[PDB]
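Everything below concerns the one structure shown next.
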2 protein chains.
Amino acid sequence: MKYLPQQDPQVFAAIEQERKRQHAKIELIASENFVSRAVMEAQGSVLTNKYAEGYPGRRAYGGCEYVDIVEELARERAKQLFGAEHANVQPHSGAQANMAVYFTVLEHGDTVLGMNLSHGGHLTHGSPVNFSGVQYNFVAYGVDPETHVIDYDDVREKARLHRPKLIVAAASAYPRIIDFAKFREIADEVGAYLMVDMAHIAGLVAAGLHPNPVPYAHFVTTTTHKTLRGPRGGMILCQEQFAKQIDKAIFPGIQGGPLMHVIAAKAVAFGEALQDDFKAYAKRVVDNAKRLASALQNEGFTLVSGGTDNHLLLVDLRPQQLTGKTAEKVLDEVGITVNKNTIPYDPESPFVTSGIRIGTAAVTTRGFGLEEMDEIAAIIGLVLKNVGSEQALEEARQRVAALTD
Amino acid sequence: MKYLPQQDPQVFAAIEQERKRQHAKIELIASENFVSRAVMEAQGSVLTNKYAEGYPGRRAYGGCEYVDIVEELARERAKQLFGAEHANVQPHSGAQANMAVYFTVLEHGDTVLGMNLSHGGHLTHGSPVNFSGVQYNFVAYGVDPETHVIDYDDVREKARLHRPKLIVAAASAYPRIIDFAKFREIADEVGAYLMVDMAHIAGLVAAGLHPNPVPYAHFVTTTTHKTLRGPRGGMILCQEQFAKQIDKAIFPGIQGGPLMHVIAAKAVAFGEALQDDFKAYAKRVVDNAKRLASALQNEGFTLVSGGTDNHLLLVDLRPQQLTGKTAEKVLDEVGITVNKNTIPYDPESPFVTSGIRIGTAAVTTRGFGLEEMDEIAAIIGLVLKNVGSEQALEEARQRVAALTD
Ligand SMILES: *Cc1c(COP(=O)(O)O)cnc(C)c1O
Ligand SMILES: *Cc1c(COP(=O)(O)O)cnc(C)c1O
């Protein structure tokens with residue numbers, strides 16, 4: 001940076017702290033990643049200066065010839081990546097992407113069936129403190145109490161009982177592959193639309209390492225950040241038959257002017273995801289998660305569902321008599337970043353929890369491999385088995401520092 | 001830029017076109033401005049990498065110590081600028097800021113009274129194709145048919161008849177000072193909340209050149225872009241008594257993760273607005289608008305309300321037998337950027353219109369003064385009086401190029 005340090009010492013000093021923090025810590029929060037310098041440059045461009053309400057070639061204002069090229073690059077590359085008939089790259093966030101889909105197909109008070117929030121469902125899939133749970137009548141399907149895999153007969157029974165207008169599949173804390181074919185089968189049986197929220201797994205889908213929901217879903221929503229490793233924002237994919245309605249839902253429905261600089265960054269990120277080296281990256285993400293899972297089990301930890309098919313895992317801390325809150329706090333003391341997370345059938349509140357959620361997308365981006373996964377697991381074992389030993393925590397701190405250089 | 005040109009030639013080429021376009025054209029779209037290099041650098045920072053759901057010191061995730069400092073800088077500087085008891089700097093956009101306020105005080109189907117959309121009200125103030133008009137029962141007050149000034153007796157009558165839960169004041173195309181005291185008086189009479197949407201005028205309010213709605217309104221919403229000259233995003237200001245509810249409305253109510261890099265840029269922009277030179281800038285904005293208005297009238301144009309008190313004006317093109325669409329198109333041919341805009345009591349559709357809206361914020365940022373206003377007015381006269389003369393349009397083109405260098 002050149003101008004910010006002189007203009008705003010306070011903001012710059014804080015940004016520099018954050019940059020150094022990102023390097024120093026081991027980031028295991030499953031939603032996190034590190035974007036490329038090219039993506040950041042796109043976000044830091046003069047495109048922030050342009051109002052571009054509407055869509056390419058159909059804008060409210062003149063002068064959009066070049067931002068139109070940028071948005072179309074984003075849409076076409078997204079279609080290349082996911083094989084979708086239509087893309088809308090304007091959603092400000094994953095929340096707004098979901099909001100738009102709900103606005104398209106649902107009326108106030110309509111019934112929606114989503115994944116149980118305590119079993120892996122997202123806040124925007126019907127939390128009573130979120131617009132989704134307030135605006136619509138959400139009902140939930142659960143995972144099996146033993147396997148922690150989605151119970152597809154429960155999905156079916158809930159669908160047949162409650163007759164939802166919309167079924168939502170996908171999750172923020174589900175460590176296994178989701179069967180989109182089965183979701184669509186159930187949707188078809190009850191005459192419901194199927195929406196898949198692939199935010200967490202979008203990068204893996206792009207790399208062919210998780211089945212693609214696009215062929216099975218009427219609507220697919222996602223964040224552009226997370227495993228896709230793009231800028232912070234949202235996106236909707238859908239069948240051509242919904243394109244006009246989806247676009248109208250985003251604008252003039254729920255948003256105003258789009259963030260054209262972020263959309264440029266989205267295009268950049270999609271370009272990166274189209275490359276062979278991103279496919280190699282995504283495979284390392286999944287390989288690293290399996291390795292970390294195995295290594296954690298070797299340390300004596302129990303994992304929700306007994307492992308992982310994707311980028312993330314959940315440690316069930318009940319065998320260690322620890323809460324997720326306690327684990328999160330002590331790992332923070334040694335420079336490992338996780339989040340407490342409810343496990344299926346958790347006896348604790350979401351503010352305490354019996355688990356921690358861990359993902360490998362961020363550490364993989366930093367170049368961590370299998371050996372590092374082993375060491376991360378060993379450090380977590382050292383810490384969680386010795387929460388009352390400052391000597392153990394100091395050793396952990398030193399081993400964490402050794403990993404981050 | 002260093003990395004984007006190599007990583008993504010296509011995106012870079014389009015961005016460069018846009019950068020050159022921004023320099024070459026005369027930007028008179030009233031919502032537009034040009035942000036500082038410091039603001040852009042903040043947006044292009046590593047803060048995009050951080051999930052920070054929640055609020056400073058009360059986040060969902062660990063590791064937010066430094067982004068907390070950034071958000072608090074934004075909130076405290078906003079409070080300094082506007083004298084508000086509380087600020088929420090997380091809204092992704094002006095639309096989302098409004099959405100959150102509506103979510104806080106209204107239930108589905110509640111009555112809201114806003115400014116007539118054809119008289120200056122915004123899309124998010126009850127358009128039947130916007131969430132506002134779909135979710136809530138919007139009624140409208142109008143401007144006087146002769147003076148084009150808000151008819152405060154009409155505001156009062158509509159309020160007393162319809163008994164709205166909420167009254168919205170503020171506009172996207174109103175060239176005169178809004179009387180917030182009168183709005184609050186009317187609100188008090190009918191027991192309604194008052195929300196002021198100051199998006200267009202926020203910079204002028206910050207500089208003390210338009211009366212501040214904060215003392216009179218329960219809620220004030222704004223864009224951080226526009227006259228405030230910040231990054232693209234939103235903000236809510238409110239009384240301490242609504243702080244908890246407003247914060248909950250933004251998250252977990254309507255949004256997920258905030259855009260921390262944009263919030264950094266918001267802090268930078270607020271820092272700039274706190275400086276004496278921003279006050280001087282804002283005075284030039286208003287002076288330039290008055291000068292341009294006067295100069296346009298000298299050219300024989302009729303202005304909605306007979307002039308301006310702020311950054312913007314509207315040309316009523318009926319005396320010239322032109323539509324806003326025609327004017328917008330021909331001005332585009334010579335490098336002057338305006339938008340067609342409905343005038344009060346417009347005989348034309350919003351897709352055709354009888355007016356063009358013009359603002360001075362962008363050209364003022366570029367260093368244009370009174371002499372340039374005179375020339376801009378003369379060029380507009382030359383163009384609109386000679387729409388069928390290619391020679392006239394070429395002369396206009398050359399004079400536009402002379403202004404932009
Ligand atoms: C992260 C996530 C979201 C929300 O995205 P934001 O950008 O935080 O609004 C929605 N759904 C799922 C499944 C997610 O993982
Ligand atoms: C520009 C504007 C908005 C919307 O802001 P976006 O960032 O485009 O969503 C809302 N209200 C008013 C009065 C505005 O001027």
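Letters A, B, ... mark the chains of the structure tokens in the order given; residue numbers begin at 1 per chain; ligand numbers begin at 1, in order shown.
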
inquiry  = Show me which residues line ligand 1, defined as having an atom within 10 Å of a ligand atom where only C-alpha atoms and all ligand atoms count, and present them as a PyMOL selection string.
reply    = (chain A and resi 30-32+91-99+120-125+168-174+196-202+221-227+231-235) or (chain B and resi 51-53+251-252+254-259)

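Running DSSP on the backbone and keeping only helix (DSSP H, G or I), the residues of segment 48-95 of chain A that qualify are residues 48, 49, 65, 66, 67, 68, 69, 70, 71, 72, 73, 74, 75, 76, 77, 78, 79, 80, 81, 82, 94 and 95 of chain A.
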
* Expected answer as a count of residues only: chain A residues within 6 Å of chain B, only C-alpha atoms -> 20

Next item on the list: Run DSSP on the backbone of this structure and report the residues of segment 207-298 of chain B it assigns to strand (DSSP E or B), as a ChimeraX atom specification.
Entry: /B:219-223,234-238

Shell of 8 Å around residue 279 of chain B, only C-alpha atoms, local chain residues under 4 positions omitted, as a list in words: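 Here the qualifying residues turn out to be residues 206, 207, 208, 273, 275 and 283 of chain B.
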
Which one is closest to residue 318 of chain B: B:394, B:151, B:405, B:346? Count only C-alpha atoms.
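Of all the options, B:346 lies closest to residue 318 of chain B.
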
Need the shell around residue 375 of chain A: protein/DNA/RNA residues with any atom at most 10 Å away, counting only C-alpha atoms. Skip same-chain ones fewer than 4 positions apart. Format as a count of residues only?
11

message = Set the distance at 8 Å and use only C-alpha atoms: which residues neighbour segment 302-316 of chain B once local chain neighbours fewer than 5 positions away are removed? I'd like the list as a PyMOL selection string.
response = chain B and resi 30+146-149+173-177+201+204+210+227+285-286+288-290+293-294+296-297+341+343-344+354-361

Residues just named, written with N, CA, C and O atoms as a compact mmCIF listing (two decimals), in the first residue's frame:
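part_21.txt, freshly written:
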# COMPACT_ATOMS: atom_id res chain seq x y z
N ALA B 30 -26.11 11.94 -10.55
CA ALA B 30 -26.12 12.53 -9.21
C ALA B 30 -25.66 11.60 -8.08
O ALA B 30 -25.23 12.07 -7.03
N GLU B 146 -46.88 22.87 -8.52
CA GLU B 146 -46.28 24.11 -9.03
C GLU B 146 -44.85 24.33 -8.54
O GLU B 146 -43.94 24.59 -9.33
N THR B 147 -44.64 24.20 -7.23
CA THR B 147 -43.35 24.49 -6.62
C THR B 147 -42.41 23.28 -6.62
O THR B 147 -41.20 23.43 -6.45
N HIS B 148 -42.99 22.09 -6.77
CA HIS B 148 -42.29 20.80 -6.66
C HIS B 148 -41.59 20.58 -5.32
O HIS B 148 -40.71 19.73 -5.19
N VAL B 149 -42.02 21.35 -4.31
CA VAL B 149 -41.56 21.18 -2.94
C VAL B 149 -42.53 20.23 -2.24
O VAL B 149 -43.74 20.25 -2.51
N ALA B 173 -34.07 11.92 -5.91
CA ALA B 173 -34.18 12.95 -6.95
C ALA B 173 -34.95 14.20 -6.49
O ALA B 173 -35.75 14.75 -7.24
N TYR B 174 -34.68 14.65 -5.27
CA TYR B 174 -35.34 15.84 -4.73
C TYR B 174 -34.30 16.94 -4.52
O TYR B 174 -33.40 16.77 -3.70
N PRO B 175 -34.41 18.05 -5.28
CA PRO B 175 -33.39 19.10 -5.32
C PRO B 175 -33.45 20.14 -4.18
O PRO B 175 -32.68 21.10 -4.20
N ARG B 176 -34.35 19.96 -3.22
CA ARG B 176 -34.48 20.95 -2.15
C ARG B 176 -34.26 20.36 -0.76
O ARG B 176 -34.31 19.14 -0.56
N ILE B 177 -33.99 21.24 0.20
CA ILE B 177 -33.81 20.83 1.59
C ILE B 177 -35.10 20.21 2.12
O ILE B 177 -36.20 20.72 1.88
N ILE B 201 -27.66 12.79 0.26
CA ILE B 201 -27.24 14.05 0.87
C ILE B 201 -26.26 13.86 2.03
O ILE B 201 -25.85 14.84 2.65
N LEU B 204 -23.29 16.16 2.35
CA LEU B 204 -23.71 17.53 2.64
C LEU B 204 -24.10 17.69 4.10
O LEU B 204 -23.75 18.68 4.74
N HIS B 210 -26.55 20.69 4.76
CA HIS B 210 -27.96 20.31 4.77
C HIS B 210 -28.27 20.00 6.23
O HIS B 210 -27.43 19.43 6.92
N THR B 227 -22.61 11.35 -2.13
CA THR B 227 -21.96 12.61 -1.71
C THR B 227 -20.96 12.44 -0.56
O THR B 227 -20.02 13.22 -0.43
N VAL B 285 -19.41 21.56 -4.02
CA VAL B 285 -20.48 20.74 -4.61
C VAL B 285 -21.78 21.54 -4.72
O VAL B 285 -22.40 21.62 -5.79
N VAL B 286 -22.18 22.14 -3.60
CA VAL B 286 -23.43 22.90 -3.53
C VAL B 286 -23.36 24.18 -4.37
O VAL B 286 -24.28 24.47 -5.14
N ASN B 288 -21.43 24.66 -6.94
CA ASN B 288 -21.40 24.23 -8.34
C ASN B 288 -22.79 23.87 -8.85
O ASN B 288 -23.14 24.20 -9.99
N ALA B 289 -23.58 23.20 -8.02
CA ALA B 289 -24.96 22.85 -8.39
C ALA B 289 -25.81 24.11 -8.60
O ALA B 289 -26.55 24.19 -9.58
N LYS B 290 -25.68 25.09 -7.71
CA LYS B 290 -26.41 26.36 -7.88
C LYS B 290 -26.00 27.07 -9.15
O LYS B 290 -26.84 27.60 -9.88
N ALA B 293 -27.28 25.12 -12.17
CA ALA B 293 -28.72 25.38 -12.25
C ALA B 293 -28.98 26.74 -12.92
O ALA B 293 -29.73 26.83 -13.90
N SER B 294 -28.34 27.78 -12.39
CA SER B 294 -28.46 29.14 -12.91
C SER B 294 -28.04 29.22 -14.38
O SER B 294 -28.73 29.83 -15.20
N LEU B 296 -27.92 26.73 -16.57
CA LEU B 296 -28.90 26.00 -17.37
C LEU B 296 -30.15 26.84 -17.65
O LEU B 296 -30.67 26.85 -18.77
N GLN B 297 -30.62 27.56 -16.63
CA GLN B 297 -31.75 28.48 -16.80
C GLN B 297 -31.40 29.60 -17.77
O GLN B 297 -32.22 29.98 -18.60
N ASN B 341 -34.91 10.71 -15.86
CA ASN B 341 -35.50 10.67 -14.54
C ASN B 341 -36.90 11.24 -14.62
O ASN B 341 -37.12 12.27 -15.26
N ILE B 343 -40.04 13.31 -13.65
CA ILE B 343 -40.24 14.59 -12.97
C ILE B 343 -41.58 14.47 -12.24
O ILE B 343 -42.37 13.60 -12.58
N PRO B 344 -41.83 15.32 -11.22
CA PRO B 344 -43.17 15.24 -10.59
C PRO B 344 -44.30 15.44 -11.61
O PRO B 344 -44.21 16.33 -12.46
N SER B 354 -39.81 12.70 -18.66
CA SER B 354 -39.74 14.06 -19.20
C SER B 354 -38.54 14.84 -18.65
O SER B 354 -38.45 16.06 -18.83
N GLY B 355 -37.62 14.14 -18.00
CA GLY B 355 -36.51 14.85 -17.37
C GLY B 355 -35.16 14.16 -17.42
O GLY B 355 -35.07 12.99 -17.76
N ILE B 356 -34.12 14.92 -17.10
CA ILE B 356 -32.81 14.36 -16.79
C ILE B 356 -32.36 14.85 -15.42
O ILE B 356 -32.58 16.01 -15.06
N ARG B 357 -31.77 13.95 -14.64
CA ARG B 357 -31.22 14.30 -13.34
C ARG B 357 -29.72 14.52 -13.48
O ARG B 357 -29.03 13.78 -14.20
N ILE B 358 -29.24 15.56 -12.81
CA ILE B 358 -27.85 16.01 -12.88
C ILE B 358 -27.36 16.32 -11.47
O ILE B 358 -28.07 16.96 -10.69
N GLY B 359 -26.16 15.85 -11.14
CA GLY B 359 -25.52 16.19 -9.87
C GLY B 359 -24.06 16.58 -10.06
O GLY B 359 -23.44 16.20 -11.05
N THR B 360 -23.53 17.34 -9.10
CA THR B 360 -22.18 17.91 -9.24
C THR B 360 -21.09 17.26 -8.38
O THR B 360 -19.93 17.66 -8.46
N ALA B 361 -21.44 16.25 -7.58
CA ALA B 361 -20.46 15.62 -6.67
C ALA B 361 -19.21 15.09 -7.39
O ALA B 361 -18.08 15.31 -6.93

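The gap separating atom 11 (N, counted along the ligand's line) of ligand 2 from atom CA of residue 102 of chain B is 12.8 Å, in Å to one decimal.
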